[PDB]
There are 4 protein chains.
Amino acid sequence: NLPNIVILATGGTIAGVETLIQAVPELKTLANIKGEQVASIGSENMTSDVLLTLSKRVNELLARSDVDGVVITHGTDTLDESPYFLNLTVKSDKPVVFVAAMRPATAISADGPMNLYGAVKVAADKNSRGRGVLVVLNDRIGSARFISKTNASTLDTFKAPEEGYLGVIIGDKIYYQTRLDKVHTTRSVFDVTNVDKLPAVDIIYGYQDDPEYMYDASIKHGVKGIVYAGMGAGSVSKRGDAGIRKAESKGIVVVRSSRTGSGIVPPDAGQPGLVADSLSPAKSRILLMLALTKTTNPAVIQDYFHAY
Amino acid sequence: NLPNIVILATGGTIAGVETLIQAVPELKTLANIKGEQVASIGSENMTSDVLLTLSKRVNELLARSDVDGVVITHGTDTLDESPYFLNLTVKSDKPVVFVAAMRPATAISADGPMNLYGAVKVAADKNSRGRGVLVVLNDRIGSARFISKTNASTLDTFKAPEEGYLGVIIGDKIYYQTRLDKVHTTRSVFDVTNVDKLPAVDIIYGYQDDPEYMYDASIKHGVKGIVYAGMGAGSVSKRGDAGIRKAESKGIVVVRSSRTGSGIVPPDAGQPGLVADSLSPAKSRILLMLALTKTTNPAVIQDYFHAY
Amino acid sequence: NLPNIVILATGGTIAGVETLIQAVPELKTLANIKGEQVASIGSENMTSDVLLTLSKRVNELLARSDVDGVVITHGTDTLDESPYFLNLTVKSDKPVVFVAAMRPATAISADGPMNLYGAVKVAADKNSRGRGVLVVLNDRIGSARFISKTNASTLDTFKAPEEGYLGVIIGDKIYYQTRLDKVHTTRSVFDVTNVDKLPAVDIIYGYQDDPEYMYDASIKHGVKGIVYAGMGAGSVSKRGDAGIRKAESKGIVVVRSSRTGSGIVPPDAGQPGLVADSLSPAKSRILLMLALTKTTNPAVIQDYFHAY
Amino acid sequence: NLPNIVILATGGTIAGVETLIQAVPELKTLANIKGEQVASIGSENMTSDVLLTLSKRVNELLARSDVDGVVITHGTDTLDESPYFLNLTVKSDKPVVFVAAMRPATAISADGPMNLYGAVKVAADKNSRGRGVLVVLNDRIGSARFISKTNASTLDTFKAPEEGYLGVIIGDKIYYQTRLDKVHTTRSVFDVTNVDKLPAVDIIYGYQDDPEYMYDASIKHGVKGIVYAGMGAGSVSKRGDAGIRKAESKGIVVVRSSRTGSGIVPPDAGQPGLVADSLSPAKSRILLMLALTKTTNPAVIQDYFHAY
Ligand SMILES: N[C@@H](CCC(=O)O)C(=O)O
Ligand SMILES: N[C@@H](CCC(=O)O)C(=O)O
Ligand SMILES: N[C@@H](CCC(=O)O)C(=O)O
Ligand SMILES: N[C@@H](CCC(=O)O)C(=O)O
C-alpha cells in the first residue's frame with residue numbers, strides 16, 4: 001500500500017491540475033494522488049484571504065486519517081510569504097510541501113515535472129514529518145522560515161545563504177541535513193481557524209531621500225502594522241524615524257526589517273520600532289499580521305520575532 | 001616617489017578624517033595622503049544634495065595633475081547608491097574608491113583599518129584606472145554597478161553572486177580578474193556639474209496585499225519617477241498594476257525592479273512600466289534620477305537601463 | 001557564578017595561550033578562563049596521533065563538574081578535519097568550540113581577538129549544549145559536519161553552501177537557527193579512549209589522465225583505506241577504476257568522494273568502492289579512519305556515511 | 001542569412017550528434033547547424049591526447065569563413081579542464097562554447113535541451129567574440145578561466161563564487177555583464193598545433209598525515225610537473241615539503257594550488273614550488289602542462305600563472 005497525498009492547487013505556471021498526472025506518470029510509484037483546486041491566481045495576486053482559506057483547508061485535510069501528506073502547487077513570486085504563513089498556522093506534523101516552477105510547462109527543459117515529483121516524494125516520506133512547512137524546487141528542500149526567491153529569473157533562485165537547505169533530493173533519494181531550530185507547526189501558538197479577516201500590514205522601503213509621506217498614507221488607511229525594509233541593519237533616516245514615531249503614536253506596531261536580503265537586525269534602544277531578527281520584510285509582515293490577532297503588547301510581539 | 005591620494009570623508013563608523021591617517025601607519029608606504037571632510041553624517045541620512053557636492057568635488061580633484069586617485073570613506077547602509085551615482089557622474093579614469101567598515105573603530109577586530117589600507121592601495125595603483133568606481137571592503141574589490149550590501153550585520157556583506165568581484169587584495173597584492181562590461185565614468189553621458197536639484201524618485205515595494213495608495217502618495221507629491229521593487233521578476237499585483245498605470249498617465253516614468261536581490265527583470269508588453277535589467281531598486285532609482293535630467297522618453301530611458 | 005571554560009591550544013596564527021587571553025580582556029565578562037597547551041604546531045602538520053591526545057584530554061575535562069565547555073585554538077589549514085574528528089569521539093553534550101584566525105595576531109584588523117570572544121561566548125552559553133562540535137570564525141557558528149575552508153585566503157572562508165550555519169553571533173548575542181540532523185557526540189559509536197594508533201588512510205585525487213600507480217603506492221605501504229576525491233559525483237576513469245578494484249582485492253576499504261566541494265555522491269552498482277554521501281574528501285578520511293577501528297564490513301561502513 | 005555553427009561531440013549524457021539537433025527544433029531559428037563526432041567518451045575518461053585532437057580541429061574550423069562559431073558537447077565531470085585548455089590553445093576570436101547536462105536526456109525535466117539552445121544562441125551571437133572560451137549551463141555563461149563544477153549532482157553546480165559569470169541568458173536574450181581580465185585565445189602564446197604528445201602532470205592532494213611516497217611515485221614515473229592541491233593557501237606539511245623539494249631536484253616543476261575551491265595562493269619564499277594564483281588544481285595542471293611545452297624556467301612559468 002502507498003501513502004495518501006493530496007495536491008492543493010492555487011495557480012501558477014506549474015500547471016488545470018488534472019493534466020499533471022498524465023504528464024508525469026512517475027508519480028504513480030510514489031503515492032495515491034488526489035487533486036483539489038483551491039484558487040487559480042498568480043502568486044503576485046495571492047491575498048491574505050486566500051491564505052486563510054488555504055490554511056483552514058490544510059488543517060482539515062491533515063486531520064483526516066486517509067491523508068498522509070499535502071503538496072501545494074503555488075507561484076514563485078510570493079513563495080516567500082505563503083509557505084511561512086502555513087508554517088505558523090498548521091497544527092499537524094504531517095508534511096506540507098510547497099512546489100513551484102520557474103519555467104512554463106510548455107517550455108524547453110521545464111522544471112515543473114521534476115519539482116512536482118520531488119515534492120510528492122517528500123510529502124509521502126515518513127521521515128519528512130515534523131520538520132515544519134517545506135518548499136521544494138531544483139532538487140532542494142527548503143524551510144519556510146528561511147527560504148526565499150533570491151534571483152528574478154533563474155531555476156536555482158530559491159536559496160538561504162546563511163541557513164542552507166534542510167535536505168536535498170539526489171538520485172531518487174532524500175537526504176536530510178538540518179532541522180529548523182525555531183517554533184513551528186504543532187508547537188505554534190498561532191491559530192487562525194476561527195479568524196475571518198487578518199489585520200492590514202504595509203511594507204515601506206528604506207533608501208536615500210525616502211519620503212515620510214509613505215508612513216502618512218499607512219496611518220490614513222489605519223493599518224495595524226508596518227514592516228520597515230530598512231537600509232543595512234534596519235537603520236532609519238531622519239525622515240523614516242519621524243514617520244515611524246508618528247505611526248507608533250497612533251498605536252501602530254512597527255517592525256524594522258532589512259532590504260539587504262539576509263542577516264540579523266539587532267535590538268537598538270536608540271531607534272524606534274521593534275526588530276525583525278533574521279526575518280525578511282515579506283516574512284516579517286506575515287508574523288506581524290498573525291501576532292496582531294493575538295496581542296498588541298510590543299514586548300510579546302518582540303518575543304515572537306526572536307522565536308518564530 | 002609615491003602617488004598622491006585624497007581621502008574624502010562623508011561620515012560612517014569607519015571614522016574625523018584627520019584621525020584616520022594616524023591609526024594606520026602602513027598607509028605611509030602606499031601614498032602621500034591629504035584629507036577633506038565633504039560631509040559628516042551616517043549613510044542612512046545620505047541625500048541627493050550631498051551626492052552632487054561629492055561628485056563635483058571628485059571631478060575637480062581628479063582633473064588636477066597632483067591628484068592620482070581618491071578614496072571616499074562612507075557608511076555601509078547606503079553604499080548601494082553612492083558608488084553607482086559617481087560611476088555615472090565621474091569624468092575621469094583615475095580610481096575613485098569607496099570604503100566603509102561594518103564594525104566601529106573601537107570594537108574588537110575592527111575592519112576599518114584594513115579596509116582603508118586596501119582602498120588606499122587600490123587608489124594608488126596605476127592598473128586600477130579605467131575600471132569604473134570601485135568599492136573596497138573585506139579584501140574584495142567590487143564594481144559600483146553590481147556590489148550591494150547582501151547581509152545586515154556581517155563583515156563579508158558586500159557581494160554580487162551573479163557578477164562576483166572585479167578583483168581581490170591578498171598578501172599585500174592586488175589581483176584583477178574581471179572588468180565591467182557596461183558604460184561608466186569617462187564614457188557616461190550623465191553630467192551633474194551644473195545641477196542643483198535632481199528629479200525626485202520613490203521606491204515602492206512589491207508584496208502580497210500591496211496598497212495602491214502608496215502610488216497615490218507619490219503622485220500627489222509630483223515625483224518624476226517611481227522604481228517598483230517587484231515580486232519575482234518585477235511582477236505587479238492588480239493593485240500595483242493600477243497604481244503604476246495611474247502614475248504613467250501623470251507623466252511619471254516607472255521602472256520595474258525586483259525585491260529578490262539579483263537577476264534580470266525581462267521586457268514584457270503585458271505589464272506597464274520599463275524594466276530595470278539587472279539593476280537593483282536602489283541603483284535603479286539612482287540611474288532613473290540621472291536619466292530624467294536628459295529626457296523623459298521611455299525608449300531612451302530603457303536603453304540607459306540595458307547599457308548602464 | 002560565571003561558567004568555567006578551558007582553552008586548549010594546538011597552534012595556528014591565532015596564537016603561547018597565555019598571551020592571547022590577556023590580549024582580549026572582554027573575555028572576563030563571559031567566563032572563568034584557564035589555558036592548557038595540548039600542542040604547538042601549524043594545522044598543516046596536525047596528525048591523527050595528536051587528535052587522539054586532544055580528544056582524550058577533552059573527554060577528561062568534560063567529565064569534570066568544574067568545566068562547562070572547551071575552546072580549542074587551531075590553525076585554519078586543516079580545520080576541515082580536526083573538528084569533525086571530535087564530533088565523533090567526544091562523549092558529552094558540553095560545548096566543544098574550535099576557533100581560528102585567517103590573519104596573524106600582528107596584522108591590521110586581526111580577526112583572532114573577536115573570533116576568540118565569540119568562541120568563549122558560545123562555549124559558555126548553556127543553549128549551545130547538544131549541538132555537536134562547533135566551529136566559530138567571522139561571527140559564524142558552523143557544524144563540524146558541514147563547515148570547511150572554501151577560500152584559500154579570505155576572512156569569510158569558512159562556509160557550507162548547501163547547509164549554511166548553525167547560528168550567528170551578532171551584537172554580542174547568539175542566534176541559533178539550525179540543528180545538525182546527523183549522529184554526533186553522545187550518540188556516536190566511535191570511542192578512541194583506548195586507541196593508541198589510528199589506521200592509515202590516503203586521499204587520491206580524480207582528474208584527466210589520473211595515474212593508477214598512486215593506488216599501487218597506497219597498497220604497497222599497507223593503508224587500511226583510500227578516499228577518492230573523484231571527478232563530479234565520484235566518477236572513476238579507466239585507470240581509477242582499475243586502481244580502486246586492485247586496492248579492494250587486498251582488503252583496502254575504498255570510499256568515493258568528490259572534488260567539487262559539495263553535494264551528494266549517490267550509490268552506483270556500476271562503479272567500485274563505497275560512496276561518501278555529502279562528506280568531503282577530508283572529512284570522509286576522518287570518518288573512514290574511525291570506522292576502521294571498529295569494523296571492516298562494507299555494509300556497516302557504508303551506513304556510517306549516511307548517518308554521521 | 002543565419003550564422004553557421006558547427007557542433008562538435010566528444011561525449012557526455014547530453015547526447016549520435018545528429019540526434020540532438022532533431023531533439024531541439026528551436027535551434028533552427030538560431031543558426032545553420034552541422035554536427036561532427038570528435039569523440040564518444042564520458043568526460044571522466046577525457047585525456048590530453050583527445051584535447052589535442054579537439055583543439056586542432058576547432059582551430060581549423062574557425063579559420064574557415066563558412067564557420068562563425070563552435071559548440072562543443074561534453075560531460076560535466078571534467079568540464080573544469082577541457083574549456084580552459086582550449087582557452088589557451090584556440091587561435092581565434094570566434095566563440096567556442098562548451099555545453100553539458102547534469103541529467104540524462106531521458107530523465108524528467110532534462111536540462112540538456114535548454115543548455116544546448118543557450119550554447120548555440122551564444123555561439124551565433126557576434127558580440128560573443130573576443131571573450132575567451134565559454135561554458136553554458138543553467139542559463140549561465142561562465143568563463144573557462146573561473147567556472148567549475150562546485151556540486152556533485154545539482155543542475156546549478158557550475159559556479160564561480162569570487163568571479164561570477166560573464167553573462168546570463170534570460171527570456172531568450174543574452175546579457176553580457178563582465179569580461180575576462182586575463183590573457184586568452186588570440187593573445188595566448190600557447191600553441192599545440194604541432195604537438196603530438198603533452199608532458200605528464202600529476203595532482204597530489206594535501207591533508208593531515210599526507211604520504212611523501214605519493215611524490216616518489218610521480219618522480220619514479222618521470223612526470224614533468226606536479227600540482228599540489230594544498231591545505232588552505234597551498235600549505236605543505238613536513239612530508240609535502242620534502243616531496244616537493246625532492247621533485248624539484250629532479251627538474252620537475254611544482255605548482256602549489258588549493259583544495260579549498262577558490263581564492264589566491266600567495267607567493268611565499270619560505271615554501272617550495274611555484275604558486276597557482278587563483279587557478280584550481282584541475283586548471284593549474286592544464287596550464288602547467290601547456291607551459292612545459294615551451295619552457296622549464298620557474299620565473300616564466302610563474303608569470304604565466306599570474307597572467308593566464
Ligand atoms: N507571476 C507568476 C509567475 C509564474 C510562476 O513563477 O509560477 C506567479 O507568480 O504565479
Ligand atoms: N548607519 C551607519 C552604520 C555605520 C556604517 O556602516 O558605517 C552608516 O551607514 O553610516
Ligand atoms: N599554516 C597555518 C596558517 C595560519 C592559520 O590559518 O592559522 C595553520 O594552518 O596553522
Ligand atoms: N560521467 C559522465 C557524467 C554524465 C555527464 O555529465 O555528461 C560524464 O562526465 O561524461
# chains A, B, ... in the order shown; residues from 1 in each chain; ligands from 1

call {"tool": "interface_residues", "arguments": {"of": "chain C", "to": "chain D", "cutoff": "8 Å", "atoms": "only C-alpha atoms", "output": "MDAnalysis selection string"}}
result
chainID C and resid 44:48 76:78 81 148:154 202:205 207:211 213:214 217 231:238 258 260:265 282

call {"tool": "write_last_selection", "arguments": {"atoms": "C-alpha atoms", "output": "tab-separated table (two decimals), in the first residue's frame"}}
result
chain	number	residue	atom	x	y	z
C	44	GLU	CA	49.16	21.72	8.18
C	45	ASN	CA	51.27	19.48	10.44
C	46	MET	CA	48.36	18.28	12.61
C	47	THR	CA	48.38	14.49	12.84
C	48	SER	CA	45.91	11.78	13.87
C	76	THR	CA	42.71	27.07	9.53
C	77	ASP	CA	44.54	24.79	7.07
C	78	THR	CA	43.17	21.52	8.49
C	81	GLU	CA	39.45	17.56	9.71
C	148	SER	CA	35.06	23.87	5.60
C	149	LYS	CA	37.60	26.37	4.27
C	150	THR	CA	36.04	27.32	0.90
C	151	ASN	CA	38.59	30.04	0.08
C	152	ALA	CA	42.38	29.98	0.33
C	153	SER	CA	42.96	33.40	1.95
C	154	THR	CA	39.78	35.31	2.92
C	202	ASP	CA	45.15	8.08	1.91
C	203	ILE	CA	43.29	10.54	-0.32
C	204	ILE	CA	43.69	10.13	-4.08
C	205	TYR	CA	42.51	12.92	-6.40
C	207	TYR	CA	41.27	14.21	-12.85
C	208	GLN	CA	42.00	13.75	-16.57
C	209	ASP	CA	44.92	11.36	-17.15
C	210	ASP	CA	44.98	10.31	-13.47
C	211	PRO	CA	47.62	7.59	-12.90
C	213	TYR	CA	50.32	3.95	-9.84
C	214	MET	CA	49.11	6.17	-6.99
C	217	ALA	CA	51.73	3.16	-3.75
C	231	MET	CA	35.52	13.86	-10.76
C	232	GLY	CA	31.93	15.10	-10.43
C	233	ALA	CA	29.94	12.72	-8.24
C	234	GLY	CA	32.93	10.42	-7.59
C	235	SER	CA	33.23	9.25	-11.20
C	236	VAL	CA	36.19	6.95	-11.88
C	237	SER	CA	38.29	6.88	-15.04
C	238	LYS	CA	39.57	3.65	-16.63
C	258	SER	CA	34.06	14.36	-4.72
C	260	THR	CA	33.60	19.52	-6.47
C	261	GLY	CA	33.29	20.94	-2.93
C	262	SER	CA	29.72	19.97	-2.02
C	263	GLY	CA	26.81	17.71	-2.95
C	264	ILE	CA	25.80	14.07	-2.76
C	265	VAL	CA	27.76	11.17	-4.24
C	282	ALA	CA	38.99	15.42	4.09

call {"tool": "residues_around", "arguments": {"residues": "residue 123 in chain C", "least_positions_apart": "2", "cutoff": "8 Å", "atoms": "only C-alpha atoms", "output": "PyMOL selection string"}}
result
chain C and resi 5+68-71+94-97+119-121+125-126+128

call {"tool": "select_by_dssp", "arguments": {"residues": "range 62-306 of chain D", "states": "helix (DSSP H, G or I)", "output": "VMD selection string"}}
result
chain D and resid 62 82 to 89 112 to 124 126 to 128 185 to 187 213 to 220 238 to 249 281 to 291 298 to 306

call {"tool": "atom_distance", "arguments": {"atom1": "CA of residue 223 in chain C", "atom2": "CA of residue 242 in chain C"}}
result
17.2 Å

call {"tool": "closest_residue", "arguments": {"among": "D:155, D:31, D:135, D:147", "to": "ligand 4", "atoms": "only C-alpha atoms and all ligand atoms"}}
result
D:155

call {"tool": "select_by_dssp", "arguments": {"residues": "range 52-299 of chain C", "states": "strand (DSSP E)", "output": "VMD selection string"}}
result
chain C and resid 69 to 73 96 to 99 134 to 137 140 to 143 148 to 149 158 to 159 167 to 169 174 to 176 178 to 180 201 to 205 225 to 229 253 to 256 274 to 275

call {"tool": "residues_around", "arguments": {"residues": "residue 36 in chain B", "least_positions_apart": "6", "cutoff": "10 Å", "atoms": "only C-alpha atoms", "output": "PDB file with C-alpha atoms, in the first residue's frame"}}
result
ATOM      1  CA  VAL B   6      42.945  62.456  -1.446  1.00  0.00           C
ATOM      2  CA  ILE B   7      40.691  60.897   1.185  1.00  0.00           C
ATOM      3  CA  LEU B   8      37.191  62.383   1.091  1.00  0.00           C
ATOM      4  CA  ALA B   9      35.228  61.790   4.296  1.00  0.00           C
ATOM      5  CA  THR B  10      31.424  61.805   4.294  1.00  0.00           C
ATOM      6  CA  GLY B  16      37.028  62.874  11.822  1.00  0.00           C
ATOM      7  CA  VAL B  17      39.173  62.462   8.709  1.00  0.00           C
ATOM      8  CA  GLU B  18      42.375  63.533  10.489  1.00  0.00           C
ATOM      9  CA  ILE B  72      35.838  58.070  -0.147  1.00  0.00           C
TER      10      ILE B  72
END
